Amino acid sequence: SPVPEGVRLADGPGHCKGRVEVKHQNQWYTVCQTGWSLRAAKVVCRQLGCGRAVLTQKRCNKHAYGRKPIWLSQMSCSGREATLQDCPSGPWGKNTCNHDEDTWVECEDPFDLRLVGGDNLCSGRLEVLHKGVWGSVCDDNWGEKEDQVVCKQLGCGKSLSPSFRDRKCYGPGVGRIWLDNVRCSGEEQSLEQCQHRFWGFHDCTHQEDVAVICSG
Amino acid sequence: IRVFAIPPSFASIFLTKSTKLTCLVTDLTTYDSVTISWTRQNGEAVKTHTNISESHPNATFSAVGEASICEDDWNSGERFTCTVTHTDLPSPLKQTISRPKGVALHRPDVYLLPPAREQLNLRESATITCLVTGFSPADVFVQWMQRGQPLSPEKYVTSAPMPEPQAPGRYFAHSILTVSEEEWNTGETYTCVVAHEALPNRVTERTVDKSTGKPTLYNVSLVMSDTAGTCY
Amino acid sequence: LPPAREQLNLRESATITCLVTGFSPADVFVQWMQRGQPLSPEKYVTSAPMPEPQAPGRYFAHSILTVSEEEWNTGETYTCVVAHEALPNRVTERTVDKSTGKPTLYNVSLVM
Amino acid sequence: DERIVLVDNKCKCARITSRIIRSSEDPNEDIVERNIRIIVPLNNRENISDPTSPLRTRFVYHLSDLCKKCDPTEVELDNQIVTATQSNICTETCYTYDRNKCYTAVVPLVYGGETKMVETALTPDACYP
Ligand SMILES: *[C@@H]1O[C@H](CO)[C@@H](O[C@@H]2O[C@H](CO)[C@@H](O)[C@H](O)[C@H]2NC(C)=O)[C@H](O)[C@H]1NC(C)=O
Ligand SMILES: *[C@@H]1O[C@H](CO)[C@@H](O)[C@H](O)[C@H]1NC(C)=O
Ligand SMILES: [Ca+2]
Ligand SMILES: [Ca+2]
C-alpha cells in the first residue's frame, strides 16, 4: 500500500485550511475515510506544523469538480501518535467513501512574538501574534521567571534586570491585551505553554504594559 | 408494514456536521425486491444508501436507508418525501418530512442536583441529576464528562422533551448519571455539557463536586482596622 | 429531591423530583398530595417506564411538581405516595420540607 | 495544603476556602467547612477616586455575586473545539484599593496667576509612571 509522502491541504485559504490531499506515490488524490475524528486532523495539522486542529467536516459535492480519485485504505490514528507513517492502515480493499463528500480540516495560525520600540531588538514592548493580530501582554503579574522565558525564545540572552527606570522609553500600546495573569514557572519552550487567563479577557489598560529588556 | 422517517435534529447537526435522512422500514418479508427511494419536491432523484440488518425474532426485516443533502438546501424550507416499494404492496407508500418554521427562541436554564443523603447510606451507588428547562423549541443535547474525557453512554440515560404545565410554549428534560459511592466520597468532579440553538455561544457547562456543596460549618471571620485601606 | 436553591434565589418557582427505581415488572403509579389532600392531575407530569441499562430487568420513572416561591416559603408540606404490588402494604411514602436537612452552626468571630 | 482557595477578591478583600475533615471513621459523617475572611476599611470614603466624597459606614457582601465564574472555557467534543459559558448570571464597587493598580487624580495648581492642572497619586506609592 502507498505510504503518504505528505499532505498539502489544497483548495483552501492558505495552507492551514482546505481539503485533505494525501500525496500518493507520483500523482496524489483526495481521501474521504469514514470515522474521520479530530485525532487524524491533529496529525494532519502536525504534518504541516500550523498548530492545533479546530474543526473537521464533510461537505456536500455540488459541482465541486472532485477530479482527484479517492484512496482505498483507512487511516485509524490515535492522534497522540507520530506522523501518518506510524498509524495502522487497512490492507487495501474497497473504499468506505459511500457518499461523495470532500474531507475538510481547519488548523490554527502558528504562534509568534517580538519586541517593538527597543533599539537593535532584545528590548521594548511585547507583542504576541494570535488570530492574525498583534497585541500587548498585561503587567499585573510579571515576575523575573516570566522575563527569562521570552528572552531565550528569541535568543537575546539572560535578562539583566533593568527595573522600571528604563522601561519608560517604549510607552504604551494600542492593540488588544491578548494575555493577562501570565504565570510561567518552568523554562518550557514558549509563552503559550504557561498558564494564562484567556485570549481577549483582561482587566488592564494600555498604560500598564509589559517591557522586557534582555542582555542582547 | 410500518415505515418511520425521522428528520435530522440540530443535535445531530452539531456533532456529525452532516445532514442525513433515514426511512426506517419495519415488518418486511421480501428484502430481495425492495427499493428505498428519496426524491425532492420537483421529482429529482437523490442517491440512496440501503443497508440490510440481521434477522429478527418475529421473522421480519428492517431496512435502513440514508440520504445525504447538506444543510443549505434543507434549512431553506424545501420539502422531502420517502418512498418504499414492495412486490407484495400494490401501491408504494409515501411519507413526507420537513422542518417547521415560526417558533420563538428562549434560553434554557441548567440545574445540577447532588445525590440524596438517604441513598449513600446503603453503600451501593449514587445518582446525579442534570436538569434543563424552559426552552423552545423542543431540541436538546446533553452529554456527561469526567476529567475532559467522555463517559461511556450507558452510565447515563437522557429522556425526550416534555411540555411544561405552568407555561405554554416551554419544555423541559432531564439526565441521570450513576456512579459508585466510594468514587463520590473520594472527591471526583463531573460535568454536564448542554447544547441548544438559543444559547449565546451554543454550549453551556456546569460542574458538581462533593467539596463545593452544602457545608455543615460556616467559620465566618471579620477583622476591623483603621489603617488597612488597601488589599494586595 | 429538595428544590434547587439558585432557582429559588431567582424567585420564580421550585422543582420537586420523585425518583423511584428498582421495581419489576413495569407497573407503577405515583400521586402528589399536600396536607393530606390529593392534588389535581394537572399539577404534575408523569414519566413512563423504561429499562435500566446497568441492571437488566429493572424499570424506573419520576414525577415533577412546580410550586410557587411564596407557597414553598410559607412552610407547606408535600409528599410522593407510590403504589406497587410488590410492596407489603402497597403504599410507601417519602416526605421532605424546607426544614428537611442537617442542623448547621455559625462560628462567627469579630476582631474589633 | 489542606485548603483550596475558591475566591481571592481584592476590592472587597474577600477570601473563601473549603476543606473536608475526616471526622470519626464513617465516610458518610464528614463535615464540610466554609471559611470567609473579610477585612473592612474604616478610613476609606464612598468613591475611592474622589477625596471629596463623604465617608462610608455601610458594607454589603453578597456571596452569590462573589463566587461566580465569567470566562468562556474550551471543551473538546471529539469533532471540534467550542467555547462554553460557565454561568448565565454574568458596576461593582471597589471598597479597598488594589496594589496591582494605580489610582490618579486631577488637581488645579496656581502659581503667579497661571493655573496648571497636574496628575496626582492618591495612593501612597502603588506603581510608578
Ligand atoms: C468616582 O470618581 C470618578 C473619578 O472622578 C468618577 O469618574 C470620572 O468622571 C469624570 C467626569 O465626571 C471623568 O472625567 C473621569 O474620566 C471619570 N473617571 C474614570 C476613571 O473614568 C466616578 O463617576 C465617581 N463615581 C461616583 C459614583 O460619583
Ligand atoms: C471555631 O473556630 C475554631 C478556631 O478559632 C475552630 O477550632 C473550630 O472548628 C470552629 N468551629 C467550627 C464549628 O468550625
Ligand atoms: Ca498592573
Ligand atoms: Ca488581571
# chains A, B, ... in the order shown; residues from 1 in each chain; ligands from 1

$ select_by_dssp --residues "region 26-196 of chain B" --states "alpha helix (DSSP H)" --output "list in words"
residues 71, 72, 73, 74, 181, 182, 183, 184, 185 and 186 of chain B

$ interface_residues --of "chain A" --to "chain B" --cutoff "10 Å" --atoms "only C-alpha atoms" --output "number ranges by chain"
A: 55-62, 98-101

$ write_last_selection --atoms "N, CA and C atoms" --output "tab-separated table (two decimals), in the first residue's frame"
chain	number	residue	atom	x	y	z
A	55	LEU	N	-11.42	22.04	13.72
A	55	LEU	CA	-12.69	21.60	13.14
A	55	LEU	C	-12.43	20.67	11.97
A	56	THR	N	-13.31	19.69	11.80
A	56	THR	CA	-13.30	18.80	10.64
A	56	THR	C	-14.73	18.47	10.26
A	57	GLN	N	-15.02	18.49	8.95
A	57	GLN	CA	-16.40	18.20	8.48
A	57	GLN	C	-16.37	17.72	7.03
A	58	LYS	N	-17.42	17.03	6.58
A	58	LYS	CA	-17.51	16.61	5.16
A	58	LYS	C	-18.56	17.47	4.47
A	59	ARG	N	-18.24	18.04	3.31
A	59	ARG	CA	-19.19	18.99	2.65
A	59	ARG	C	-19.87	18.33	1.45
A	60	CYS	N	-21.13	18.68	1.19
A	60	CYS	CA	-21.83	18.15	0.03
A	60	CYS	C	-21.11	18.53	-1.26
A	61	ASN	N	-21.12	17.62	-2.22
A	61	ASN	CA	-20.46	17.84	-3.51
A	61	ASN	C	-21.50	18.32	-4.51
A	62	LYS	N	-21.51	19.63	-4.75
A	62	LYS	CA	-22.42	20.25	-5.72
A	62	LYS	C	-21.57	20.88	-6.82
A	98	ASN	N	-18.73	6.02	0.67
A	98	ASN	CA	-20.04	5.78	0.01
A	98	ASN	C	-20.56	7.11	-0.54
A	99	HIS	N	-20.98	8.02	0.34
A	99	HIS	CA	-21.43	9.37	-0.10
A	99	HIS	C	-20.21	10.12	-0.65
A	100	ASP	N	-20.37	10.77	-1.81
A	100	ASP	CA	-19.23	11.50	-2.43
A	100	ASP	C	-19.08	12.87	-1.75
A	101	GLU	N	-18.35	12.91	-0.63
A	101	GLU	CA	-18.14	14.19	0.11
A	101	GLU	C	-16.63	14.43	0.26

$ residues_near_ligand --ligand "ligand 3" --cutoff "9 Å" --atoms "only C-alpha atoms and all ligand atoms" --output "list in words"
residues 138, 139, 140, 141, 142, 204, 205, 207, 208 and 209 of chain A; 99, 100, 101, 102 and 127 of chain D

$ write_last_selection --atoms "N, CA and C atoms" --output "PDB file, in the first residue's frame"
ATOM      1  N   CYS A 138      -0.469  42.040  29.638  1.00  0.00           N
ATOM      2  CA  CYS A 138      -0.645  42.880  30.854  1.00  0.00           C
ATOM      3  C   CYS A 138       0.501  42.632  31.840  1.00  0.00           C
ATOM      4  N   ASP A 139       0.816  43.626  32.675  1.00  0.00           N
ATOM      5  CA  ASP A 139       1.955  43.508  33.627  1.00  0.00           C
ATOM      6  C   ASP A 139       1.449  43.215  35.044  1.00  0.00           C
ATOM      7  N   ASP A 140       0.160  42.892  35.194  1.00  0.00           N
ATOM      8  CA  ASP A 140      -0.411  42.657  36.548  1.00  0.00           C
ATOM      9  C   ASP A 140       0.481  41.654  37.284  1.00  0.00           C
ATOM     10  N   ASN A 141       0.914  40.594  36.595  1.00  0.00           N
ATOM     11  CA  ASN A 141       1.842  39.606  37.205  1.00  0.00           C
ATOM     12  C   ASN A 141       3.002  39.371  36.232  1.00  0.00           C
ATOM     13  N   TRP A 142       4.136  40.047  36.445  1.00  0.00           N
ATOM     14  CA  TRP A 142       5.320  39.839  35.572  1.00  0.00           C
ATOM     15  C   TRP A 142       6.572  39.622  36.422  1.00  0.00           C
ATOM     16  N   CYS A 204      -7.041  45.335  32.437  1.00  0.00           N
ATOM     17  CA  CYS A 204      -5.897  46.229  32.378  1.00  0.00           C
ATOM     18  C   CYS A 204      -6.169  47.378  31.414  1.00  0.00           C
ATOM     19  N   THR A 205      -5.187  48.270  31.316  1.00  0.00           N
ATOM     20  CA  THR A 205      -5.244  49.432  30.444  1.00  0.00           C
ATOM     21  C   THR A 205      -3.925  49.536  29.686  1.00  0.00           C
ATOM     22  N   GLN A 207      -1.952  51.780  29.395  1.00  0.00           N
ATOM     23  CA  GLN A 207      -0.881  52.428  30.196  1.00  0.00           C
ATOM     24  C   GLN A 207      -0.041  51.333  30.862  1.00  0.00           C
ATOM     25  N   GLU A 208      -0.694  50.306  31.413  1.00  0.00           N
ATOM     26  CA  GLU A 208       0.027  49.202  32.101  1.00  0.00           C
ATOM     27  C   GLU A 208       0.391  48.118  31.084  1.00  0.00           C
ATOM     28  N   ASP A 209       1.614  48.165  30.547  1.00  0.00           N
ATOM     29  CA  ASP A 209       2.064  47.158  29.547  1.00  0.00           C
ATOM     30  C   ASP A 209       3.319  46.444  30.057  1.00  0.00           C
TER      31      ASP A 209
ATOM     32  N   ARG D  99      -3.240  46.762  44.973  1.00  0.00           N
ATOM     33  CA  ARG D  99      -1.778  47.003  44.853  1.00  0.00           C
ATOM     34  C   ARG D  99      -1.377  46.943  43.377  1.00  0.00           C
ATOM     35  N   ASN D 100      -1.951  46.005  42.617  1.00  0.00           N
ATOM     36  CA  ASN D 100      -1.563  45.822  41.192  1.00  0.00           C
ATOM     37  C   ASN D 100      -2.149  46.947  40.330  1.00  0.00           C
ATOM     38  N   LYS D 101      -2.801  47.937  40.945  1.00  0.00           N
ATOM     39  CA  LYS D 101      -3.468  49.006  40.150  1.00  0.00           C
ATOM     40  C   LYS D 101      -2.967  50.383  40.594  1.00  0.00           C
ATOM     41  N   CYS D 102      -3.042  51.376  39.704  1.00  0.00           N
ATOM     42  CA  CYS D 102      -2.582  52.753  40.030  1.00  0.00           C
ATOM     43  C   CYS D 102      -3.794  53.690  40.079  1.00  0.00           C
ATOM     44  N   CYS D 127       2.127  52.137  41.893  1.00  0.00           N
ATOM     45  CA  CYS D 127       3.045  51.944  40.740  1.00  0.00           C
ATOM     46  C   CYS D 127       3.744  53.264  40.396  1.00  0.00           C
TER      47      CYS D 127
END

$ residues_near_ligand --ligand "ligand 2" --cutoff "9 Å" --atoms "only C-alpha atoms and all ligand atoms" --output "number ranges by chain"
B: 216-220; C: 104-109; D: 33-35

$ interface_residues --of "chain B" --to "chain C" --cutoff "9 Å" --atoms "only C-alpha atoms" --output "number ranges by chain"
B: 111-116, 154-157, 162-166, 178, 215-225

$ closest_residue --among "D:121, D:105, D:38, D:7" --to "chain B" --atoms "only C-alpha atoms"
D:38

$ residues_near_ligand --ligand "ligand 1" --cutoff "7 Å" --atoms "only C-alpha atoms and all ligand atoms" --output "list in words"
residues 47, 48, 49 and 50 of chain D

$ write_last_selection --atoms "N, CA, C and O atoms" --output "tab-separated table (two decimals), in the first residue's frame"
chain	number	residue	atom	x	y	z
D	47	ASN	N	-16.34	57.03	47.28
D	47	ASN	CA	-15.72	56.90	45.97
D	47	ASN	C	-14.21	57.01	46.15
D	47	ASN	O	-13.69	58.08	46.50
D	48	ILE	N	-13.50	55.90	45.91
D	48	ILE	CA	-12.06	55.85	46.14
D	48	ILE	C	-11.27	56.70	45.15
D	48	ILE	O	-10.05	56.84	45.31
D	49	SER	N	-11.92	57.27	44.14
D	49	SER	CA	-11.25	58.12	43.16
D	49	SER	C	-11.65	59.58	43.30
D	49	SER	O	-11.44	60.37	42.37
D	50	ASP	N	-12.20	59.96	44.45
D	50	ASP	CA	-12.63	61.34	44.69
D	50	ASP	C	-12.48	61.62	46.18
D	50	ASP	O	-13.29	61.15	47.00

$ atom_distance --atom1 "CA of residue 36 (chain B)" --atom2 "CA of residue 60 (chain B)"
16.6 Å

$ residues_near_ligand --ligand "ligand 4" --cutoff "6 Å" --atoms "only C-alpha atoms and all ligand atoms" --output "VMD selection string"
chain A and resid 140 180 to 181 202 to 203

$ interface_residues --of "chain D" --to "chain C" --cutoff "12 Å" --atoms "only C-alpha atoms" --output "PyMOL selection string"
chain D and resi 29+31-42+63-65+87-89

$ select_by_dssp --residues "region 13-161 of chain B" --states "strand (DSSP E)" --output "MDAnalysis selection string"
chainID B and resid 20:28 34:39 45:46 49:52 61:68 80:86 93:97 109:113 126:135 141:146 149:150 156:158

$ residues_around --residues "residue 123 (chain B)" --least-positions-apart "5" --cutoff "9 Å" --atoms "only C-alpha atoms" --output "compact mmCIF listing (two decimals) with C-alpha atoms, in the first residue's frame"
# COMPACT_ATOMS: atom_id res chain seq x y z
CA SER B 180 -20.11 4.46 42.84
CA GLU B 181 -20.40 5.74 46.41
CA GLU B 182 -16.67 5.49 47.13

$ residues_around --residues "residue 150 (chain A)" --least-positions-apart "3" --cutoff "12 Å" --atoms "only C-alpha atoms" --output "MDAnalysis selection string"
chainID A and resid 112:115 122:123 125:128 137 142:147 153:159 182 184 186:194 210:214

$ interface_residues --of "chain A" --to "chain D" --cutoff "8 Å" --atoms "only C-alpha atoms" --output "PyMOL selection string"
chain A and resi 37-39+53-56+140+168+198+201

$ atom_distance --atom1 "CA of residue 97 (chain D)" --atom2 "CA of residue 43 (chain D)"
12.0 Å

$ residues_around --residues "residue 110 (chain A)" --least-positions-apart "2" --cutoff "8 Å" --atoms "only C-alpha atoms" --output "list in words"
residues 49, 50, 51, 108, 112 and 130 of chain A

$ write_last_selection --atoms "N, CA, C and O atoms" --output "tab-separated table (two decimals), in the first residue's frame"
chain	number	residue	atom	x	y	z
A	49	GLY	N	2.61	21.64	10.66
A	49	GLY	CA	3.08	22.50	11.73
A	49	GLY	C	2.27	23.75	11.95
A	49	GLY	O	2.75	24.68	12.61
A	50	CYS	N	1.05	23.82	11.41
A	50	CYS	CA	0.22	25.01	11.58
A	50	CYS	C	-0.10	25.25	13.06
A	50	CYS	O	0.00	26.37	13.55
A	51	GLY	N	-0.52	24.18	13.75
A	51	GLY	CA	-0.83	24.31	15.19
A	51	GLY	C	-1.82	23.25	15.66
A	51	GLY	O	-1.51	22.05	15.52
A	108	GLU	N	-4.80	25.92	12.91
A	108	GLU	CA	-4.76	27.26	13.53
A	108	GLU	C	-3.47	27.99	13.13
A	108	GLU	O	-2.52	27.30	12.71
A	112	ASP	N	3.81	33.50	17.33
A	112	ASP	CA	4.96	34.35	17.08
A	112	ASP	C	4.99	35.47	18.11
A	112	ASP	O	3.97	35.80	18.72
A	130	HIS	N	-1.76	36.30	17.48
A	130	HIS	CA	-2.81	35.32	17.66
A	130	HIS	C	-4.03	35.79	16.88
A	130	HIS	O	-4.42	36.95	16.97

$ decode --residues "region 89-105 of chain D" --atoms "N, CA and C atoms" --output "PDB file, in the first residue's frame"
ATOM      1  N   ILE D  89     -25.493  34.161  35.001  1.00  0.00           N
ATOM      2  CA  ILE D  89     -25.706  35.379  35.838  1.00  0.00           C
ATOM      3  C   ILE D  89     -24.832  36.519  35.297  1.00  0.00           C
ATOM      4  N   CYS D  90     -23.643  36.194  34.785  1.00  0.00           N
ATOM      5  CA  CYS D  90     -22.705  37.238  34.291  1.00  0.00           C
ATOM      6  C   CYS D  90     -23.403  38.121  33.251  1.00  0.00           C
ATOM      7  N   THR D  91     -20.097  47.409  37.131  1.00  0.00           N
ATOM      8  CA  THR D  91     -20.558  48.441  38.051  1.00  0.00           C
ATOM      9  C   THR D  91     -20.285  48.097  39.510  1.00  0.00           C
ATOM     10  N   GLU D  92     -19.558  47.016  39.775  1.00  0.00           N
ATOM     11  CA  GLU D  92     -19.264  46.625  41.148  1.00  0.00           C
ATOM     12  C   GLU D  92     -18.402  47.679  41.833  1.00  0.00           C
ATOM     13  N   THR D  93     -18.692  47.928  43.108  1.00  0.00           N
ATOM     14  CA  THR D  93     -17.978  48.933  43.881  1.00  0.00           C
ATOM     15  C   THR D  93     -16.717  48.337  44.492  1.00  0.00           C
ATOM     16  N   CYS D  94     -15.609  49.067  44.367  1.00  0.00           N
ATOM     17  CA  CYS D  94     -14.326  48.666  44.930  1.00  0.00           C
ATOM     18  C   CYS D  94     -14.166  49.346  46.285  1.00  0.00           C
ATOM     19  N   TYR D  95     -14.325  48.570  47.363  1.00  0.00           N
ATOM     20  CA  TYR D  95     -14.188  49.130  48.736  1.00  0.00           C
ATOM     21  C   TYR D  95     -12.744  49.580  48.954  1.00  0.00           C
ATOM     22  N   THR D  96     -11.795  48.646  48.856  1.00  0.00           N
ATOM     23  CA  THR D  96     -10.367  48.977  49.115  1.00  0.00           C
ATOM     24  C   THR D  96      -9.610  49.146  47.795  1.00  0.00           C
ATOM     25  N   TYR D  97      -8.379  49.661  47.860  1.00  0.00           N
ATOM     26  CA  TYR D  97      -7.547  49.856  46.640  1.00  0.00           C
ATOM     27  C   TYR D  97      -6.883  48.537  46.260  1.00  0.00           C
ATOM     28  N   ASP D  98      -6.333  48.468  45.044  1.00  0.00           N
ATOM     29  CA  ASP D  98      -5.612  47.245  44.599  1.00  0.00           C
ATOM     30  C   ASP D  98      -4.130  47.589  44.421  1.00  0.00           C
ATOM     31  N   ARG D  99      -3.240  46.762  44.973  1.00  0.00           N
ATOM     32  CA  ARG D  99      -1.778  47.003  44.853  1.00  0.00           C
ATOM     33  C   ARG D  99      -1.377  46.943  43.377  1.00  0.00           C
ATOM     34  N   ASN D 100      -1.951  46.005  42.617  1.00  0.00           N
ATOM     35  CA  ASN D 100      -1.563  45.822  41.192  1.00  0.00           C
ATOM     36  C   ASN D 100      -2.149  46.947  40.330  1.00  0.00           C
ATOM     37  N   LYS D 101      -2.801  47.937  40.945  1.00  0.00           N
ATOM     38  CA  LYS D 101      -3.468  49.006  40.150  1.00  0.00           C
ATOM     39  C   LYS D 101      -2.967  50.383  40.594  1.00  0.00           C
ATOM     40  N   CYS D 102      -3.042  51.376  39.704  1.00  0.00           N
ATOM     41  CA  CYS D 102      -2.582  52.753  40.030  1.00  0.00           C
ATOM     42  C   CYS D 102      -3.794  53.690  40.079  1.00  0.00           C
ATOM     43  N   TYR D 103      -3.864  54.550  41.099  1.00  0.00           N
ATOM     44  CA  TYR D 103      -5.010  55.490  41.242  1.00  0.00           C
ATOM     45  C   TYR D 103      -4.486  56.925  41.125  1.00  0.00           C
ATOM     46  N   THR D 104      -5.032  57.703  40.185  1.00  0.00           N
ATOM     47  CA  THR D 104      -4.533  59.087  39.948  1.00  0.00           C
ATOM     48  C   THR D 104      -5.699  60.081  39.961  1.00  0.00           C
ATOM     49  N   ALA D 105      -5.397  61.384  39.989  1.00  0.00           N
ATOM     50  CA  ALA D 105      -6.460  62.419  40.031  1.00  0.00           C
ATOM     51  C   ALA D 105      -5.976  63.722  39.386  1.00  0.00           C
TER      52      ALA D 105
END
